[PDB]
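Quick heads-up: it's one chain on its own, the form deposited in one PDB entry, in structure tokens.
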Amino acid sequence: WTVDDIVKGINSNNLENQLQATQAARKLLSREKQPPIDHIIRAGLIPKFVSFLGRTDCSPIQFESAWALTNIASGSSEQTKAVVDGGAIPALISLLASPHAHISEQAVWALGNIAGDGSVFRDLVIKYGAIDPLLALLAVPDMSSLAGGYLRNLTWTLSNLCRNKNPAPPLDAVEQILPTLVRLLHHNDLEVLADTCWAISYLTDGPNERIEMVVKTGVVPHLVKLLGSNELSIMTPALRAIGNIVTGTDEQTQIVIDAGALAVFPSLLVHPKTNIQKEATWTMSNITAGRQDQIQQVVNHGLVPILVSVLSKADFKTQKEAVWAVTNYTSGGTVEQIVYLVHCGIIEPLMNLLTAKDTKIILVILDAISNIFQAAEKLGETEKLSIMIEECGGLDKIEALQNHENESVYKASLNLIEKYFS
């Protein structure tokens, strides 16, 4: 069909010709690499499709109109705005409650696309009351009976409602959606599990209030259980969510620790995948920045020797995370914990990393050395640390940082050498 024929049929007043024209329109939009969306919009067909969305007597016209509107919406931002300005969101929300499951799934899919194009359209989908009917679709007698694709489409739409920032999803909507996400976390489909973990990850990436809501629902134990999955698709988002959670309060970090997360990290910190290693070391760096008893729990799980090994053998991107973990350990740790860290052999790898060109990393390493020296002072063992640092060639490294090319680095190294290596 040509666009002229489609416009003729849609304005025909005969339902059958209108259905034929709508199917031709969705076909024209999907099959053509570059479809004439601008012509379709100037012809005023978006209001026509939106009106067809309410034709309960004819299910095909509803399905095909939703398809055409979603194809139009998936293009440029102006086209998405044209769809939203035609009244499509409320009509699709009304379509959510249709008795036909394929029509309801089509509406879920369309609303998910709209909400995924941006945070403003997301808030518009929420403001017109989509969350209640969408969640009602998952209030089925048996969730295991629902088809995989339908459940996956619902999980994807709900995730897109939990995604995007500036602005972030309203807190009331997150509080209404999270319980259904928790129920979805108990499903056996890997795709649903992964999408739900990513949604939880999106929700935990924010202020501590949203993290508090998330931990209040009770997802952390299942997230730690999923950390032990042999599927990377499920392990990666679980690790991301746990990492975001440990960036919050000390009590939320303690929720993560009590769930048994520290016993899973011995293998994650040496995982073959570099992203897993970096994310695990970042999570551990956020854990070592906690209370002294939480650092003690890190020590009791034998993670400090593994972290020393990571600081020594991993790539620079992972070694930066390890440096931050070590510096937080030395900043917040007891004297006993710092002497334990030194006995595990942290000095040599830190001094070897003093050769990097990242000024922030250099200064962080020097600050960690200063904290270790302060612990030594409190014990009266300053000279022992000085001797150890000179033995591994560390004082040579600190002396090589005495270059006026970088005044901050130079001042840091000068203070260190004048206070402990004089």
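We call the rigid core the largest set of C-alpha positions that still match within 1.5 Å between the two forms. For every residue, the number given is its place in the sequence shown, counted from 1.
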**Request:** Quick one: say whether 403-411 or 21-29 has the higher mean Cα B-factor in the deposited entry.
**Result:** 403-411
**Request:** Could you check the entry and say whether 389-397 or 64-72 has the higher mean CA B-factor?
**Result:** 389-397
**Item:** Of the residues 279, 105, 258, 142, the one carrying the largest Cα B-factor as recorded
**Value:** 142
**Asked** Whose C-alpha has the highest temperature factor in the PDB entry: 318, 94, 244, 309?
**Response** 318
**Within-chain third of residue 46 by Cα B-factor, per the entry** = lowest
**Item:** Lowest, middle or highest third - CA B-factor, residue 117
**Value:** highest
**Fill in**
Entry-reported C-alpha B-factor of residue 237 relative to its chain, by third, is middle
**Lowest, middle or highest third - CA B-factor, residue 149** = highest
**Prompt:** By its CA B factor, does residue 418 count among the lowest, middle or highest third of the modelled residues in the chain?
**Reply:** highest
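What comes next is about the form solved in complex with a partner chain, which is not displayed.
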**Request:** Answer yes or no: in the bound PDB entry, does the partner chain come within 4.5 Å of a heavy atom in every one of 75, 324 and 328?
**Result:** yes
**Asked** In terms of non-hydrogen atoms within 4.5 angstroms, which of the given stretches 61-69, 373-381, 47-55, 393-401 touches the partner chain in the bound PDB entry?
**Response** 61-69
**Prompt:** Using heavy atoms and a 4.5 Å limit, would one call residue 246 a contact residue for the partner chain in the bound PDB entry?
**Reply:** yes
**Partner proximity in the bound PDB entry: residue 272 to the partner chain, non-hydrogen atom cutoff 4.5 Å** = no
**Message:** Just checking whether residue 42 would be counted as a contact of the partner chain in the bound PDB entry - the rule being heavy atoms within 4.5 angstroms.
**Reply:** no
**Asked** Quick one: is residue 236 in contact with the partner chain in the bound PDB entry, heavy atoms, 4.5 Å cut-off?
**Response** yes
**Asked** Among the candidate residues 127, 216, 313, 165, which is the single one with a non-hydrogen atom no more than 4.5 Å from the partner chain in the bound PDB entry?
**Response** 165
**Asked** Out of 318, 104, 253, 337, which one falls within 4.5 Å of the partner chain in the bound PDB entry, going by heavy atoms?
**Response** 253
**Request:** With both forms fitted on the core, give yes or no for whether the Cα of residue 394 moves by 2 angstroms or more between this form and the one not shown.
**Result:** no
**Core-aligned C-alpha movement of residue 360 between this form and the one not shown, 2 Å or more** = no
**Large Cα shift (2 Å or above) at residue 15 between this form and the one not shown, core-fitted** = yes
